[PDB]
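Enquirer: from the sequence below, what's the structure:
(2 chains, ligands or ions: 5)
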Amino acid sequence: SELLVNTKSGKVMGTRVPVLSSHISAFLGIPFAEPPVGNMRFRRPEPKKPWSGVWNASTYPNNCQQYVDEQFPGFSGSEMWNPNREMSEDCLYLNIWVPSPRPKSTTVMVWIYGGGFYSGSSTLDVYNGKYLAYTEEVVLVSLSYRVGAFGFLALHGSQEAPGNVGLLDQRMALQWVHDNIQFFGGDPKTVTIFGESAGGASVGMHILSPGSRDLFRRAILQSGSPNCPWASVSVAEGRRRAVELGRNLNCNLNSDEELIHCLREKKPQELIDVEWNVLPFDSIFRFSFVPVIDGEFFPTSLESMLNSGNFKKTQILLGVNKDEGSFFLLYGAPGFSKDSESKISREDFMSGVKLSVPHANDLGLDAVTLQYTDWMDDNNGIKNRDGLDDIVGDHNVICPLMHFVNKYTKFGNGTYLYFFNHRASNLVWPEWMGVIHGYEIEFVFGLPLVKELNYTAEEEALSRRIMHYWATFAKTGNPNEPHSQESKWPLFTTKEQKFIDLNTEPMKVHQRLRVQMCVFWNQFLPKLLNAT
Amino acid sequence: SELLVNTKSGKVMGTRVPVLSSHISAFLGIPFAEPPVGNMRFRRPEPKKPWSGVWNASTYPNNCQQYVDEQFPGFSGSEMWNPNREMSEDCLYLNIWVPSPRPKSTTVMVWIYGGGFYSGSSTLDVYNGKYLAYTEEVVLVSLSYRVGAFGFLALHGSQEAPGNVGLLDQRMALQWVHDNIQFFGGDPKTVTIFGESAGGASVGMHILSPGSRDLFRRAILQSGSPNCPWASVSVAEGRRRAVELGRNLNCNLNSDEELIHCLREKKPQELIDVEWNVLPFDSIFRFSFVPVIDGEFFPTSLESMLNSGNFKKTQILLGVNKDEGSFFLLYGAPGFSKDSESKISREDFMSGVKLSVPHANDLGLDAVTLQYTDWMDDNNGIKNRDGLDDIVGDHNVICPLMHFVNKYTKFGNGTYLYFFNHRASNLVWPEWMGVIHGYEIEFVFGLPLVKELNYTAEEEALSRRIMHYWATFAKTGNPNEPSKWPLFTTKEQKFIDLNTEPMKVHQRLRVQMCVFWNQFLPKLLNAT
Ligand SMILES: C[As+](C)(C)CCO[C@@H](c1ccccc1[N+](=O)O)C(F)(F)F
Ligand SMILES: C[As+](C)(C)CCO[C@@H](c1ccccc1[N+](=O)O)C(F)(F)F
Ligand SMILES: C[As+](C)(C)CCO[C@@H](c1ccccc1[N+](=O)O)C(F)(F)F
Ligand SMILES: C[As+](C)(C)CCO[C@@H](c1ccccc1[N+](=O)O)C(F)(F)F
Ligand SMILES: [Cl-]
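Expert: Numbers count the residues shown, from 1 in each chain, chains lettered A, B, ... in the order given. Ligands and ions are numbered 1, 2, ... in the order given. Structure data below:
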């Protein structure tokens, strides 16, 4: 049977699912690690021990314990990102979509959801992997990993809560894929890991980490890169936060042993409820428990590894969306509302840049402000809104990614950069938010191909070319089909620095994506701040 | 006679001079102070001792000892600024242009030449005051003052070379006008001091200095203000340079009096020959001997005086020209040439910014560069040129003056700001240089009216209105006679363009770049 598979660990029974007037195979909730529960909470994940009999893999598994967004209850625009299954610590599972009839040894794509390393689920409606698998005939894998404290509590020196275990869960799902994807018609030698936001950062951390390097061939990073300011902390910062987490729950703080034993006695939701209390400053686009530069999963600073070319050499495809910042300003900055134009006064702009660049001293904030203010028209609420938007998106996403692409390229074997700037005709968020962080995803997953979701014809077409670029990149390492008559996404090179827009207009090639502002964020500000 | 005048210090005989198919009286080289020579070198000026008989004021006096420019021998665009008379240390004279028939108690305008405090003359063809006096019926005065070491050698604490004597010379010329201009038909209660560059700066120093306030009514500042980076130094920096001059002429440096007596024994040119060697940085738009914040001519810091409103409260009219920096890049920056578009490479740009902002550290230089560079097209030679042309102009002239204008307006009684962006049709300098530092002057003095100088008909008209604004301001404190030039206010910050096209009103003159230069960069440099 097409739906029964003999994996290394045990047998698996999938389910046939309809997809655009056809069908394909799905294997949902397949375990790839022993449940990280009880005294195992905060520990490195252990391989799932073999099982006898058939594993029912016909339904999505649990989502990991995480903070649920309740800003807009019942609003589809936000809840579309919330867990849609029972949360549980027993959440280490992956999902596979296999074309029917089963392919021989085809391209694999592994999806690593984002969500600031504090949230995310593999089961969301926007991650339904059937359309992409079916349309591009690839084997699509959806993995999961512990988020928040559960996946990132870092008490360096301790083997009970070493940190980076959520990144280690990802690696184990990858190893799983490497050991078994062949039984599903996938080529373990041609696996592309791709992810958005903390998912794009994860992908890049696997490109850097020596222990993850050989578990994949190529990589795709969307709206996130490993060196993002919010994607990692030092061992000290990691330890301070874990200690503060304990102080927040009246834990014994004599030793890591006692602190850790204490935390393992708290119910999940108890940790979640104080999770945000450990951050250094009041801010936006900052998350509590994230990867740590431990000298193990990450041998040295991300920067030195990047400067010395100490990373996996291969082809990467990555890009950003036009308004990566709006989502965050809406949730945590004064002046912004989802029920208005959110025109920002000069006062709100000032408090806004402070909430956005939390680590900056006075001189630093002055420089940012100077950088994003039109002093001829400084009371213009629209300019102030768009100004703060760009601040948040340039600082947290775009410039850190450009820094990364520019470094990676000196050593890599092929880079393709994109700027997604298409505002969906059916977006549920207000107009001022633009092409929001996370909204190219529905195009990558081909949701526009399901007529009942009301996308325009041209949107279906955009979705089809994006999936084709992705899959084609995945199979070959170049998004372009050889000897094709269509316009060509050119190679990004350190000398030319070319990239394309991704929208419904005919492709356009541009150069030096946001250089001005990125020269500021990547070179100048860092210096100004170092000078102190 | 109309040409014979009894002054307080003595009798003076002027001379009749033609002007636009007509005539007016001219009184040239009237002495307003004892020649500051010999033992008097570097000292405060002493009032001119009265004389018996009649003083021959029919020809221009000597120009003060100064570094003559030889960058372009023969070339008129540069030589028009060099001394056109013999240089001497006996150079403290002033010139008066009086309309004929002699007016009664009329408006006076006193001109103060510039040239970074190291040069300048009262006799240049472009300062001939006959056109302005005749056309507007004002008594026009051009005074002079010691420049370079002779006017600003500063060994604070000594009476042999206290510093600021050149500013004290200007002040004495003002006292003279105050005590005598009435005898020439001028109203001492309606004296306007105006000047450009070091001259525009001087004007502001007299607005600041308590000792100079009651000697004039109003002020006009052209492309210069007191707080310009190049217009002053501290008592220590002043002393450091004075000592370094001695070290350069192998002088005994045991004490101030000894160092001084030694500098007095040198021939004028010997001092001039080592003048630039005392600058601490390798740069442009920087001059060796300049005013010193001594606590006497200037009570406190220029800024504290500005913040506390400690200065003369009156009306002021000032402005800048579009391309202040070009003159300076041409002379001292690589890449620039009088005979080419002077397109600048990225490398000549980096060095050019280091030459323009000599005090800033690396972080500072980065902020400057970041600010004036278009990174999507960083190898554009024209943007690099125009870009460097703005740095030097914004830093040295435009932003220091906008800072001044905004501090002054908080306490003042009326501000009028202009932006001069017309390029003379007959300019001898290359197009890339634009509207150069000092070229509004020919318009303020109405040279466009003398037909043989070949200015367009519309340039004569631009000159005519500029002169009328100046004189009308001088006379009433408002350049408008009952299209208006609106008042500048801290809320609106309005100013006008001064060109051939119909007047246009703008707001917030170069606010973007000046927020950088006046607020951000200073802070950056202090912190780091
Ligand atoms: C494809 As998503 C990385 C789950 C887009 C939204 O997620 C952001 C976010 C940003 C600003 C406000 C709220 C949220 N949110 O609720 O998820 C965050 F934080 F997860 F990264
Ligand atoms: C006690 As809280 C007001 C959930 C700490 C941070 O809150 C952020 C936030 C809240 C929810 C998802 C993402 C973010 N963020 O990325 O900053 C914001 F925006 F509300 F301040
Ligand atoms: C009305 As003027 C203030 C005597 C014209 C420019 O003079 C500048 C200058 C700037 C750059 C190069 C050369 C010179 N120059 O020979 O005078 C300086 F220095 F006098 F102010
Ligand atoms: C030994 As030299 C080459 C007379 C030091 C300064 O020289 C300036 C300069 C020379 C003549 C008039 C004005 C300036 N200036 O304002 O900087 C420049 F430009 F030549 F370097
Ligand atoms: Cl003495």
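
Enquirer: give me every residue in the stretch 301-450 of chain A lying close to ligand 1.
Expert: Residues of the stretch 301-450 of chain A that fall close to ligand 1, judged by Cβ under 6 Å from any ligand atom: A:327-328, A:331, A:437-438, A:441. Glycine gets a C-beta too; all of them are placed from N, C-alpha and C.

Enquirer: again, only this time at 8 Å
Expert: By Cβ under 8 Å from any ligand atom, the residues of the stretch 301-450 of chain A that approach ligand 1 are A:327-328, A:330-332, A:436-438, A:441.

Enquirer: just the buried subset of these, written out for ChimeraX, thanks.
Expert: Here is the ChimeraX command that picks out the buried ones among these, judged by 16 or more other Cβ atoms under 10 Å in any protein chain shown:
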select /A:327,328,330,332,436,437,438,441
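
Enquirer: out of the residues of the stretch 301-450 of chain A next to ligand 1, which two sit at the greatest distance?
Expert: Greatest spacing in these, by Cβ to Cβ: A:332 and A:441 (22.0 Å).

Enquirer: mind listing what's buried along stretch A:242-251?
Expert: Within stretch A:242-251, the residues scored as buried using 16+ other Cβ under 10 Å are A:242-246, A:249, A:251.

Enquirer: stretch A:38-50 too?
Expert: For stretch A:38-50, burial by neighbour count (16+ other Cβ under 10 Å) applies to A:40-45, A:48.

Enquirer: show me what from the stretch 301-450 of chain A comes close to chain B.
Expert: Proximity of the stretch 301-450 of chain A to chain B, by Cβ under 8 Å from any Cβ of the partner chain, involves residues A:363, A:366-367, A:370, A:374-376.

Enquirer: out of the buried residues of stretch A:242-251, the closest to residue A:115 would be?
Expert: residue A:245 (19.2 Å).

Enquirer: contacts only, for the nearest residue to the closest one once chain neighbours are set aside.
Expert: Using Cβ to Cβ, 6 or more residues apart in numbering or on different chains and skipping the chain neighbours, the partner closest in space to residue A:245 is residue A:278 (5.3 Å). Each residue near residue A:278 by Cβ atoms under 8 Å, 6 or more residues apart in numbering or on different chains is listed here: A:240-242, A:244-245, A:248, A:288.

Enquirer: any idea which residue sits dead centre in chain A?
Expert: residue A:199 (2.1 Å; Cα atoms, centre = their mean).

Enquirer: quick one: contacts for that one?
Expert: Counting by Cβ under 8 Å, 6+ apart, residue A:199 makes contact with A:111-115, A:120, A:222, A:224.

Enquirer: now, the buried residues of stretch A:242-251 that are in helices?
Expert: Among those, the ones falling in helices (DSSP state H) are A:242-246.

Enquirer: quick check, nearest of the residues you listed to ligand 1?
Expert: Nearest to ligand 1, judged by Cβ to the nearest ligand atom, of those is residue A:245 at 19.0 Å.

Enquirer: surely the closest one meets residue A:274?
Expert: Yes - using Cβ atoms under 8 Å, residue A:245 is in contact with residue A:274, at 6.5 Å.

Enquirer: list residues touching both of the two?
Expert: Residues touching both residue A:245 and residue A:274 (Cβ under 8 Å, 6+ apart): none.

Enquirer: got the contact list for residue A:408?
Expert: Taking Cβ under 8 Å, 6+ apart as the criterion, residue A:408 is in contact with A:207, A:306, A:311, A:316, A:415.
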